[PDB]
Structure formats: structure tokens, C-alpha cells
Amino acid sequence: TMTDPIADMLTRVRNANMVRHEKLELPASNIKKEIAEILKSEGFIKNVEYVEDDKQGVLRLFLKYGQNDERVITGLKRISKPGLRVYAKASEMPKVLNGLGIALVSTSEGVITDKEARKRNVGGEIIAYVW
Amino acid sequence: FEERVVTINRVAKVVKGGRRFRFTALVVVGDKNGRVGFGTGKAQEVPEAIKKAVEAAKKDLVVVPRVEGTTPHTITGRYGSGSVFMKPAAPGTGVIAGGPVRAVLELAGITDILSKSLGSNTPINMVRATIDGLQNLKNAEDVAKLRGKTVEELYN
Amino acid sequence: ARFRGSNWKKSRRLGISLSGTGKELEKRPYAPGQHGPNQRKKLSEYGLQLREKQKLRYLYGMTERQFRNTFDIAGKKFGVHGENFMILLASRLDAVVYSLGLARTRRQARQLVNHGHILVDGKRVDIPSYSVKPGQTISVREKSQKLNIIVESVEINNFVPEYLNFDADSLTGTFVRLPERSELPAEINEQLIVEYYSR
Amino acid sequence: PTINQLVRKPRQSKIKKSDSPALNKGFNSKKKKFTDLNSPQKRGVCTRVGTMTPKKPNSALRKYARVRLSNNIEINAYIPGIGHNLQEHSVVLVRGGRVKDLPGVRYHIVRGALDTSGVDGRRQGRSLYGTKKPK
Amino acid sequence: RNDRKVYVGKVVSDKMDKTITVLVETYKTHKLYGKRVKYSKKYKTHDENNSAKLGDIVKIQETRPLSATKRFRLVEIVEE
RNA sequence: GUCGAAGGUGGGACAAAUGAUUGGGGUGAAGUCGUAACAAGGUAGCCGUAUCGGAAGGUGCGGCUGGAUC
RNA sequence: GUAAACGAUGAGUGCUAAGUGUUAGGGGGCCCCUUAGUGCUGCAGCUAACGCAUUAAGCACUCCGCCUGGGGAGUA
RNA sequence: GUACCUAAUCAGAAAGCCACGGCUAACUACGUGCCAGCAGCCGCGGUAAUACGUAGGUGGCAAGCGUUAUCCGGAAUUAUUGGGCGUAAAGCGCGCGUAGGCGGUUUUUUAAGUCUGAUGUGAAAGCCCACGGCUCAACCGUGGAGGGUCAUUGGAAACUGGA
RNA sequence: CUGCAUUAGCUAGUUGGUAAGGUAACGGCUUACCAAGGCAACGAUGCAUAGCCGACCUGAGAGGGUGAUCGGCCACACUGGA
Ligand SMILES: [Mg+2]
Ligand SMILES: [Mg+2]
Ligand SMILES: [Mg+2]
Ligand SMILES: [Mg+2]
Ligand SMILES: [Mg+2]
Ligand SMILES: [Mg+2]
Ligand SMILES: [Mg+2]
Ligand SMILES: [Mg+2]
Ligand SMILES: [Mg+2]
Ligand SMILES: [Mg+2]
Ligand SMILES: [Mg+2]
Ligand SMILES: [Mg+2]
């Protein structure tokens with residue numbers, strides 16, 4: 001059965017991005033909305049919409065394709081997994097693509113990027129790398 | 001463009017009479033200023049094979065992003081079973097790479113890099129893997145443009 | 001010195017004048033020995049790296065062990081490794097004495113230091129490998145002030161690098177500051193030497 | 001493998017065998033037991049000295065001696081150089097190194113050590129063949 | 001006063017007299033893989049009144065050796 | 001007097017060496033016998049099993065294509 | 001208690017162009033839509049290549065079994 | 001009467017070892033002729049051997065240079081970092097299931113994991129960094145820095161766990 | 001903080017209790033008495049090997065290998081017992 005909803009989200013994004021789909025819809029969760037909001041904030045995705053469904057909600061993500069159809073998201077990777085959870089200290093926070101990419105971190109200060117985590121000096125679980 | 005002959009191979013086709021031999025050359029071409037190319041040429045004689053390879057390499061030239069004589073970010077170029085990891089290095093590190101990779105990186109005008117061939121050691125596939133890695137290299141300006149941010153905003 | 005062989009043969013092999021004048025390369029600019037005159041096949045990448053390392057080593061007349069130790073300590077410093085290695089080589093009492101012009105040859109300068117003619121900060125230093133730091137004064141021993149070799153070398157107004165400051169009247173030099181790559185020999189490609197020691 | 005499989009059953013490295021087993025054993029006479037000690041060379045006594053035919057495609061008569069070592073292991077040791085003084089009952093120093101042509105020979109006799117004489121008239125690579133400087 | 005170590009576990013044996021065996025569960029991270037693995041230790045504990053029973057969560061504190069194998073005492077019964 | 005080292009006696013356990021003889025394996029003459037496989041290899045081959053035969057192998061039963069011209 | 005016990009392809013879940021046939025249904029106007037099977041063809045992607053391709057050998061997460069040169073040997 | 005210092009005399013007493021087909025920097029001659037021999041591997045040698053032996057030349061090192069033994073590396077060839085299982089080695093013939101591993105969405109709470117501090121401790125020596133002393137260096141000394149899966153205690157609470 | 005399951009069962013002062021003796025001292029430490037416990041696939045028991053550590057060698061790292069000299073701790077003093 002479904003074991004990693006976050007990983008599913010990132011794969012759906014990866015798959016839709018490969019085929020250059022404009023939008024994708026996925027089942028919603030609070031964590032997945034937060035991840036989506038960072039991606040829009042960092043300019044990886046155009047827009048995030050939430051639709052109430054009387055179940056768990058639906059997230060609609062609109063993907064960004066640059067001029068010449070160049071993809072703004074090149075790759076996404078799940079770091080912490082149900083099989084093996086990965087945590088880092090603020091000092092040890094990883095840089096993705098030498099700052100060209102981002103790391104999404106779950107911290108006691110909320111789900112945030114690696115830059116904010118180093119700034120706030122708060123470490124946590126490394127959810128994923130997006131570049 | 002500077003030209004370096006990576007490998008020369010005597011190849012054979014079997015006919016009724018026996019084996020007929022030709023020479024294949026793999027050549028890297030570069031301006032040593034962010035443009036590099038690779039080509040293969042086959043001929044009965046090595047000079048003619050080299051010449052054809054040079055002409056092929058000039059036809060396909062790839063633009064390489066460079067940050068002060070190094071690459072912008074770490075990358076693993078993969079082609080077939082060929083895999084080449086390339087990590088940016090500080091000045092004075094030198095080119096730490098083996099065989100075909102060295103030729104491609106030097107002719108692209110990269111003077112400082114950390115590299116390891118993780119896959120096949122077959123010369124052509126190593127070169128193609130290296131070129132793949134360089135092609136997937138990205139610069140902050142382009143990433144900023146694509147993500148609709150300033151370079152400063154990219155690094156926070 | 002330590003290596004006491006044909007400096008010409010070593011110059012001719014390495015395609016660089018170790019004396020810095022070109023006298024070795026004037027007549028026979030090709031490798032020594034039977035096969036010297038004949039065409040030389042292209043050097044491998046290893047061959048080029050080794051050549052460049054040997055060029056620098058024989059230029060400063062050092063043994064391999066000491067050369068490699070110097071390369072290591074240079075690497076431990078801050079900045080570009082190759083440049084740091086070269087400035088550190090130039091900072092040797094040997095090199096300083098030669099560049100001040102107390103001797104006409106590097107081997108001569110080495111014998112001068114090794115035979116105890118040289119003073120550093122007024123005191124006798126006899127180790128050619130001694131690492132002169134900025135601010136130190138190199139002098140001649142009071143007894144050796146009138147040596148024919150020294151006086152004749154000083155009379156020949158050899159160009160003195162900017163990082164040094166020599167007074168020929170007193171036979172006293174000063175290591176003013178660290179050299180710059182510009183001031184160091186231009187025939188050496190230190191990057192090849194770094195690569196050599198990488199593998 | 002999965003992480004849970006790796007925790008339950010760890011990754012296992014392949015153990016390696018010495019090419020020179022006889023040099024890596026000693027013998028205690030009093031306890032009458034073999035001792036595990038790594039030795040660079042071993043002394044031995046030549047049981048037999050003879051010639052052997054190399055594996056094809058090579059062709060020669062190769063000089064060798066069967067040597068009973070101090071640890072009491074019997075081995076075949078190659079005799080290097082041109083010419084030898086060795087006979088049965090000679091005392092020799094044996095080092096590691098196999099001869100690829102000769103199937104059973106996994107060791108070499110050290111020239112110019114103990115009874116073994118140096119190669120006569122060797123003037124290049126003398127240290128290898130136990131010959132003193134000619135001068 | 002310095003404090004003696006206190007552990008919480010489930011009683012897994014009550015057969016012995018004035019004694020209970022308490023299983024304390026802790027996690028040991030694998031040195032290489034980094035996954036935490038469940039580990040259990042049975043602690044022999046003094047229960048004077050034979051109060052505790054198999055299957056009740058209990059709190060135990062370290063003591064002087066009370067027996068050949070018993071080093072802990074029952075502070076309280078957390079759950080039953 | 002208790003305990004008690006060493007010693008003695010007994011039936012077991014384990015390990016190593018050796019043993020008439022015997023078994024398969026490996027290597028090595030251009031030895032002897034046949035030709036089983038690779039082509040439709042001249043009865044497609046192979047797998048499990050059973051049985052038979054100097055030897056490779058043969059045959060039965062079921063299975064696979066990693067076979068099948070016209 | 002073993003078979004080339006084979007799709008020589010562990011199980012679960014989600015996601016990712018199409019076209020066409022067929023089995024058992026469902027829904028709406030012969031046509032269209034839809035569910036679960038079963039075939040063929042074919043993108044993207046993958047692959048050493050052959051090929052695979054919503055019946056993945058693509059992209060992912062969970063758990064299990066298994067591999068680490070050939071022979072000796074599936075022998076002692 | 002050692003170190004050190006001074007004076008006098010003298011290039012006089014003070015260079016060897018391995019390698020040079022490829023990897024791998026450095027080739028020719030002669031002798032030998034699948035012999036004698038070489039060899040880490042690919043191999044070399046059966047009459048014009050840069051592979052044997054010697055000589056000349058060269059290369060690499062140097063009071064050393066080679067060989068053997070052993071360990072780590074290269075070896076992503078046990079792969080957490082960092083590999084695989086259609087045909088290359090590798091999916092149990094297939095179910096039913098136990099332990100274990102893992103698990104959908106929201107809220108509240110807790111704080112074991114997680115994160116962030118403080119305190120104690122993790123000897124000295126060593127490694128590392130800096131400085132100082134030995135003519136230099138090795139070496140010696142001094143001060144930092146680092147090293148726990150550590151304990152105790154104060155916070156944070158997204159995620160994992162518990163309720 | 002170690003290998004081996006082609007080592008799967010192990011233990012009867014053994015596990016616990018009571019009382020007494022004994023020890024600097026707690027305690028099956030020992031002895032009577034009472035009960036049947038205790039340990040083990042989270043590897044008991046057996047077998048093999050080994051002083052342990054600060055460190056040391058290697059590796060980009062993660063790791064791998066090792067435990068001379070010096071310092072700490074332990075054990076031993078012809079063998080065994082007192
Ligand atoms: Mg036949
Ligand atoms: Mg047939
Ligand atoms: Mg029959
Ligand atoms: Mg089977
Ligand atoms: Mg269908
Ligand atoms: Mg030789
Ligand atoms: Mg490894
Ligand atoms: Mg197979
Ligand atoms: Mg199956
Ligand atoms: Mg310390
Ligand atoms: Mg011992
Ligand atoms: Mg490594």
C-alpha cells in the first residue's frame with residue numbers, strides 16, 4: 001500500500017514535469033501544501049490551489065516552463081524515508097547544487113528551506129532536495 | 001582550436017580473403033575558453049582518421065559554464081555504462097582527472113576540478129559521459145532567470 | 001652541492017637553461033646522449049608533469065625528498081599551492097644569496113652558505129635549505145668580506161629582484177617581503193607540478 | 001538490499017589468501033605445533049635439486065630445488081640466475097614470488113644468501129643475484 | 001543526594017518470590033546504516049509484597065546488589 | 001575432622017597425524033575407442049525423473065524454447 | 001517434494017503519450033464513456049545491446065528472497 | 001675537555017643502487033638463439049631480441065637503492081555514502097501466515113527519537129593549528145582546536161514515536 | 001567493545017525466598033531449608049582466537065587494518081595449591 005505520500009508527491013511532479021504537463025492534481029495533506037508553497041516561493045512552480053473535497057482535500061500545482069520550454073525543476077529526490085529517516089544539525093545542513101538548488105527541511109520552526117534553517121540556526125529532518 | 005588525440009584503435013572487418021584493418025581516432029577539440037567538442041574518424045591510415053575526427057569534433061562543440069576556471073556545481077555525467085563525477089575545486093587544486101576526462105576538461109578551459117570515473121573505462125563512453133555532465137551544468141544567472149529571482153535571492 | 005653532475009646535460013634534457021643564460025641550449029638544444037640529435041617522440045601527460053617537476057627541482061638544486069617535503073609544507077599554507085611552493089623555494093637561503101648576487105651561480109651560492117661565509121641577522125647560518133622570512137638581513141662573514149668570488153660577483157651588477165634589497169657597499173641584503181609569481185621564474189608551470197604530486 | 005535487510009544481515013567482505021603460505025607459518029618444536037607468524041624469508045634444506053619443463057607455450061629446462069623449510073613445510077623454490085652451486089643437503093634462504101611458467105613453484109631461492117652462491121659474471125642488477133661489485 | 005537510575009518497563013515474569021522481571025525496551029542505532037533497532041533487557045527487581053503481576057507497567061530504581069542477579073527495586077506500578 | 005594441589009582409575013567427547021586398500025577430481029605426449037553437443041550437427045536441443053548400455057550416451061513420461069525448412 | 005515448476009521478470013501501492021482486438025460487466029446517446037481481465041502495435045523514459053513500454057524492464061516508496069570470476073562442486 | 005668556538009693545512013680521503021616493450025620516465029650495439037634465460041600482468045626468447053646476458057648511452061633516486069613479507073588504497077569487487085537479480089552471477093515452484101520492518105487524512109496533547117543551549121566530563125602524550133627554542137629541519141616546549149553512540153539540566157515542536 | 005549455527009538448546013547453588021555464618025563491604029559469597037525457577041534466535045551453551053585503551057597505518061570521506069616504542073588500566077613471576 002501507500003507508504004510515502006511525500007515521495008509520491010515528488011514523483012507525480014517529476015513525472016508531469018518530464019512530459020511537460022501544465023498542471024497536476026494530487027491528494028492533499030498539510031505537509032504537501034507546505035512543500036508546494038516553498039516551491040512557488042522559490043520559483044520552481046507557478047501556483048498552488050487547494051480544493052476541499054470532503055476527504056483529505058486536493059492540491060493543484062501549476063508547473064513552470066522557461067522560454068524554449070526549459071524546465072525550472074530539473075530534479076527532485078526524497079532524502080528522509082520511512083525505511084531510513086535522515087536528520088541534520090543546523091551546522092550540517094546540506095547545500096543542494098552549491099546553492100542553485102534547495103533542501104526542504106522539517107524543523108520545530110516549521111517546514112522551511114535550508115537557507116532559512118541555517119539563518120534561524122534550527123536543524124531537522126531533511127524531507128527532500130529540489131534543484 | 002587545440003586538438004588532442006584521446007585514443008587510436010585498429011579495428012577489423014572479416015572478409016573471405018581475411019581481416020581488413022582500419023584505424024579509428026577519438027579526438028577532443030577545444031578553445032580552452034568554455035567550448036569543447038569530441039569527434040570520431042575512421043580511415044585506413046591514422047592521419048586521415050585523426051583529420052576526420054577533428055572535423056567531426058568541430059561540428060559538435062558544447063558551451064561549458066565555468067566559474068573562474070572551475071565548474072559551477074558538482075555533477076555526475078552518465079552515458080551508457082560510462083559515469084563521471086565532477087566536483088568544483090578551489091584555485092591551485094589542478095585538474096584531478098584520469099585519461100579521457102582530463103583532455104575534455106582541459107580543452108574546455110577548466111583548470112581546477114575534482115573528478116572520478118565511476119563506470120566504464122572505454123575511452124569514447126568516458127568522453128560522452130564527461131560531455132553529458134558538462135551539458136547538465138547550470139549557471140546561477142540562468143537558474144535565477146528560470147526561477148524568476150535575483151542571483152542574490154537565489155543564495156538568500 | 002648535492003647533485004654535482006653535468007648541469008648542461010640536465011638543461012639540455014629539460015629544455016631549459018639552469019644557469020639562466022642559455023649557454024647550455026645555444027649549440028645543442030636537444031636531449032643528451034646517443035639518441036639526442038634524433039627526433040624526440042611526444043611526451044605523455046605523465047612525461048610532461050615529470051619534466052616540469054624536474055625543471056623546478058634541478059633549477060633549485062634540491063634532492064627529491066627535500067623537494068617533496070617543501071611541496072607539502074607549501075601546500076599546508078593559504079592560497080594557491082603552486083605559487084606558495086615557488087615562493088617558498090625562492091625563500092631558501094641558497095636562492096636568496098644567489099638572487100642578492102653574492103655569487104654568480106646557484107651552486108656557488110650554495111657552497112658559500114654551506115662553508116659558513118653567510119650571516120643571517122648577524123649570526124652564522126650554514127644550512128642552504130634555511131627558510132628566510134621577510135625582515136631578515138643576509139650578510140657576508142666579516143672575514144669573507146674580501147673573497148675574490150664574492151667581490152667579483154657583486155661587481156657584476158646582477159639584477160636584484162624587487163622583493164630583495166641589496167647594498168653592494170656593505171654586502172648586505174634584506175628580505176623585504178615575500179616574492180610574487182611575476183618575480184619568480186616564468187619558465188615553470190607550477191600547475192603541472194601540483195598535478196604530478198596528485199598522481 | 002533494503003536497509004532492514006542490511007541491519008538484519010550485514011554486508012560481508014571477501015577474505016583473501018596469501019600467494020606465499022609457507023612463509024607465513026612457523027613451528028614450535030617443544031609444543032609440537034605450527035605458529036602463525038609473517039616472515040619475509042625462511043631458511044630451508046634442499047631435499048632435491050633438478051630441472052623442470054615450463055607450461056606451454058614456453059620451452060626450457062628450469063632450475064629448481066625442493067626445500068624442507070624450518071617450519072617443516074616442503075616446497076618447490078625456483079633457482080634464479082645463470083648457473084648454480086646448489087646440491088641436495090644445501091642450506092638456502094627462500095623468499096616469496098611465484099614462477100608463472102612453472103606450476104608448482106611458488107617461491108624463489110635467494111642468491112648470495114647462506115649456501116647459495118652469487119651468479120658469476122653478473123655485472124647488471126647484481127643485488128638481485130647476490131653478486132659483489134666487480135671492481 | 002546523588003540520584004540512582006530509574007527505568008520503566010513491563011513485568012514479564014512474576015514466578016519468583018518477592019521478585020519480578022522487568023523488560024526495558026530501548027533503541028540501538030546501527031553504527032553504519034543509522035536505523036534504530038528495538039532492544040530489550042530483562043532487569044531482576046525486588047517486589048517485597050509480590051504486588052506486581054505479569055503485564056503491568058512498572059517503575060524500577062537501581063539499588064545495591066540484593067541477590068546474585070537482582071540490582072533494582074520496584075518504585076511504583078504505572079499501569080496494570 | 002572438613003575443605004583441598006598433585007596423583008590414580010573409568011566411560012565418554014573433540015582434534016590432529018598416520019593406515020593395507022579404495023573413490024572421484026586436477027594436470028600432463030600428437031596414447032586407445034567411439035562421435036554426444038555446436039548447422040535441421042545429420043534422431044532439434046535442453047530440464048526433472050526412471051531405467052538400460054564400454055564410453056560419450058539411448059529410451060520412456062512430463063515440461064521449456066534458450067528450436068522447427070517448406 | 002523435484003522440473004527450462006519460465007513471463008528464466010517476488011509482493012503491495014501510486015504516477016507517466018497514443019492506436020487497435022478480445023472476455024465479463026456498468027452507464028449514456030450503431031456510436032460514445034467507464035470497470036476488471038486478456039493480446040497486438042507504439043511515445044516518453046529506460047537498457048550493454050536485444051528489447052521493455054499503464055499487463056514496464058519507465059518514474060517512486062515499503063517489505064522479503066537472492067548475487068559477488070570460472071572450474072573443483074551442488075562434490076566432500 | 002663532550003658540544004660549541006678559533007686558527008692553520010688540504011679537492012685532497014667521502015657514490016652507490018635499480019630501471020630503460022607497454023603500464024612507466026629513460027635505446028642502441030654486440031653475443032645468444034623457445035637454448036641460456038626473463039617475468040607483476042600482457043608476455044619475451046626457435047638467427048637483424050629497445051623484453052635474455054654484456055657494453056655504450058639514458059632515466060629515476062641517493063647514503064642509499066632494490067627484493068621479499070604484511071596492511072590500507074586504487075576495488076563503486078559487500079556498494080550507508082556508493083552496485084545489482086528478463087537474456088551476464090542472482091526472484092524461493094506457489095500459497096497460508098507468526099515475529100519483525102513499514103504504513104492514509106485532521107485536531108489536541110506529550111516529548112522518547114529530532115532540533116537548539118548550559119553545566120560536568122571525554123588524562124597526559126599524539127594528530128591538527130599557532131607561536132616560541134634548538135644555525136635549519138627532524139626534534140623539544142607552550143597555548144588553542146578537535147575527539148561521545150556521554151551524563152545532567154533548560155528550551156523548540158515540523159516530522160517519527162506515545163496518548 | 002570478537003568470529004563460527006556444518007555450535008540450539010543451557011543451567012540444579014542453578015533462579016528466587018527464609019535463616020545463619022562469612023567479608024571492609026552488598027550478595028548463593030557460603031551452608032541448611034522452601035519453591036521451581038533463570039538464560040537463550042535481541043545467539044544462550046560450545047568452539048576458536050585475543051590482554052584492553054589513549055593511539056597508530058591507510059583512505060577525499062565514509063570506512064578498512066592494527067594495538068611496537070610512550071602513558072593509563074588489567075593479568076602474570078619455574079608449574080599448581082595455600
Ligand atoms: Mg553428433
Ligand atoms: Mg542430434
Ligand atoms: Mg535401450
Ligand atoms: Mg529448484
Ligand atoms: Mg486493458
Ligand atoms: Mg633482469
Ligand atoms: Mg571498498
Ligand atoms: Mg542467469
Ligand atoms: Mg516466480
Ligand atoms: Mg588530550
Ligand atoms: Mg594470549
Ligand atoms: Mg576510496
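Note on naming: letters A, B, ... go to the chains in the order of the sequence lines (proteins, then strands), and numbering restarts at 1 for each one. Computed over heavy atoms, backbone and side chain alike; hydrogens, waters and symmetry mates excluded.
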Side-chain N or O of [X] versus OP1/OP2 of [N]: is the shortest distance under 4.0 Å?
| X | N | result |
| --- | --- | --- |
| E/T26 | H/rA112 | no |
| C/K53 | H/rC61 | yes |
| D/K56 | F/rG28 | no |
| C/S44 | H/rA25 | yes |
| D/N58 | H/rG45 | no |
| E/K44 | I/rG37 | no |
| D/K9 | G/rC66 | yes |
| E/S67 | I/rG27 | no |
| D/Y129 | H/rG53 | yes |
| E/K15 | I/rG37 | yes |

Pucker class of [N], from the sign of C1'-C2'-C3'-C4':
| N | result |
| --- | --- |
| H/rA158 | north |
| G/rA57 | south |
| I/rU69 | north |
| I/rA75 | north |

Pairing status of [N] with [M] is requested, where a pair means Watson-Crick or G-U wobble geometry with both distances under 3.5 Å.
| N | M | result |
| --- | --- | --- |
| G/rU38 | G/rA60 | no |
| I/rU14 | I/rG9 | no |
| H/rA14 | H/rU106 | no |
| H/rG33 | H/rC94 | no |
| H/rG60 | H/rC17 | yes |
| H/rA79 | H/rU119 | no |
| H/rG86 | H/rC65 | no |
| H/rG120 | H/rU78 | no |

Can you tell me the distance, in whole Å, between the [atom1] atom of [X] and the [atom2] atom of [N]?
| X | N | atom1 | atom2 | value |
| --- | --- | --- | --- | --- |
| D/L128 | H/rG40 | CG | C1' | 14 Å |
| D/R8 | G/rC66 | CZ | P | 9 Å |
| D/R98 | H/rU67 | CZ | P | 19 Å |
| D/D101 | H/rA51 | CG | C1' | 14 Å |
| A/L24 | G/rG14 | CG | P | 17 Å |
| E/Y33 | I/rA62 | OH | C1' | 12 Å |
| A/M9 | H/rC159 | CE | P | 15 Å |
| D/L6 | H/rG82 | CG | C1' | 12 Å |

Are [X] and [Y] close enough that a side-chain donor and a side-chain acceptor fall under 3.5 Å?
| X | Y | value |
| --- | --- | --- |
| B/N125 | B/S120 | no |
| C/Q54 | C/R51 | no |
| D/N4 | E/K35 | yes |
| C/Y130 | C/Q136 | yes |

Can you list the steps and then say if E/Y27 with E/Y39 is a ring-ring contact (aromatic ring centres under 6.0 Å, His included)? CA-CA 6 Å; E/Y27 290 86; E/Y39 152 84; over 10 Å; no

Contact nearer the 5' end of RNA chain H, comparing D/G96 with A/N121: D/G96

Result for 5'-nearest mapping on RNA chain H, choosing between C/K10 and D/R122, is D/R122

Compare the minimum distances between each of [options] and the side chain of [X], then state the nucleotide with the smallest one.
| X | options | answer |
| --- | --- | --- |
| D/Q124 | H/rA55, H/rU105, H/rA62 | H/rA55 |
| D/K14 | H/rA62, H/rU77, H/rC61 | H/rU77 |
| D/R126 | H/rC18, H/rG101, H/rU116 | H/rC18 |
| E/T21 | H/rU67, I/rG38, G/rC61 | I/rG38 |
| A/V122 | I/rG16, H/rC17, H/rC115 | H/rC115 |
| D/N38 | I/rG16, G/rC59, H/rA69 | H/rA69 |
| A/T3 | H/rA11, H/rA36, G/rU62 | G/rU62 |
| E/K5 | H/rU6, H/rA151, H/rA69 | H/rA151 |
| D/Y78 | G/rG14, H/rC38, H/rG59 | H/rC38 |
| D/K133 | H/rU77, H/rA156, H/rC17 | H/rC17 |

Tell me if a side-chain donor or acceptor on C/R40 pairs with a main-chain N or O of C/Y30 at a distance below 3.5 Å. no

Anti or syn - [N], cut at 90° from 0:
| N | result |
| --- | --- |
| F/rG66 | syn |
| G/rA48 | anti |
| H/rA89 | anti |
| I/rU18 | anti |
| G/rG51 | anti |

Using 0.5 Å steps for rounding, measure from the CG atom of D/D101 to the CE atom of D/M52. 11.0 Å

Using salt bridge (charged side-chain N to carboxylate O under 4.0 Å, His left out) as the criterion, list what pairs up with C/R124, not counting sequence neighbours. C/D126

Is the closest side-chain heavy-atom distance between D/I109 and D/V94 below 4.5 Å? yes

Please say whether the side chain of A/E125 is closer than 5.0 Å to major-groove atoms or to minor-groove atoms. minor

Can you tell me how far P in G/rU41 sits from the matching atom in G/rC46, rounded to whole Å? 23 Å

So, under a plain 3.5 Å distance rule, would you say the side chain of D/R11 forms a donor-acceptor pair with the base of H/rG83? yes

Does E/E25 come within less than 4.0 Å of E/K38, counting only side-chain N to carboxylate O? no

